[PDB]
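What follows is a single chain, given as structure tokens, in the form deposited in one PDB entry.
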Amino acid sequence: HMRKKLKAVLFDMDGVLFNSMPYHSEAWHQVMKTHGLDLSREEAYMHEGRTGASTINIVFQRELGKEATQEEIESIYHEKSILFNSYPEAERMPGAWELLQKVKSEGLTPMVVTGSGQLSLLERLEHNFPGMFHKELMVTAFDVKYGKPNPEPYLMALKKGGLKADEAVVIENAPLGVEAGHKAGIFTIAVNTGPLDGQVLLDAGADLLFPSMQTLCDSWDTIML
């Protein structure tokens, strides 16, 4: 009984609302390559959701056999941010406006759930999707102690929305994000908007898997039945 119970649609930001992940992946890949370290474009997608500190540390441990210092982390994250900002501004993901408009027309409330503290993108949510979201019904890095894959961001969204888990659905693109939605006990739809094998998203706990936001939008009515 999904139509009867659903009140809210909890959208992830990077790779769901904004097509930002090719740029995050490229910046991570390239910053590491300039330092002689191997972080593939695909692997950068696997780590989507982790702090910059954790990603850097995973690479340092695997390739250099030690942890990074705080000054190594701060420098590399700064350089990553420089590269990302040098690329074009991330456009809306195709299909994201259409699905937002559709769920809104069905009387559902869109929410954003992200572990991001990236103000350049956070501020653009209002600019790029006017009337879709409300800051009281958003979860960002500023709201949470632990990000994805911990369920905290999604449980916080349920709390901010005054919702029970069965009154929400999560839309996620990343395996750590899917894990967070699933561990929050919420029906989680994976949208495989990157280069990863869809099996990684199923293994993370996805209830349904679609290859793109537009394909999800096209199939939304048949989910609701």
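Heads up: residue numbers just count along the shown sequence, starting at 1.
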Requested in this report: Look over 94 to 102 and 144 to 152 in the entry and identify the one with the greater average Cα temperature factor.
Outcome: 144 to 152
Requested in this report: Can you let me know which of the two, 205 to 213 or 14 to 22, has the higher average C-alpha B-factor in the entry?
Outcome: 205 to 213
Query raised in the report: When you compare the CA B-factors of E172, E179, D166, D38 as listed in the entry, which one comes out on top?
Result: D38
Report task. Among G198, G185, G49, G162, single out the one with the highest C-alpha B factor in the record, please. Result -> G162
Report task. Comparing against every modelled residue in the chain, figure out the third that the C-alpha B-factor of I223 lands in (lowest, middle or highest). Result -> highest
Query raised in the report: Taking the entry's C-alpha B-factors for this chain, is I189 in the lowest, middle or highest third?
Result: lowest
Report summary line: Chain-relative C-alpha B factor for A8 (record values, thirds): the lowest
**Report entry** Third assignment of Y77 from its chain's C-alpha B-factors
**Finding:** highest
Report task. Rank-wise, by C-alpha B-factor, drop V139 into the lowest, middle or highest third of its chain. Result -> middle
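We do not show the form deposited in another entry, though everything after this point is about it.
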**Report entry** Chain position at the hinge linking the two rigid parts, options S20, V113, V191, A44, forms compared between this form and the one not shown
**Finding:** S20
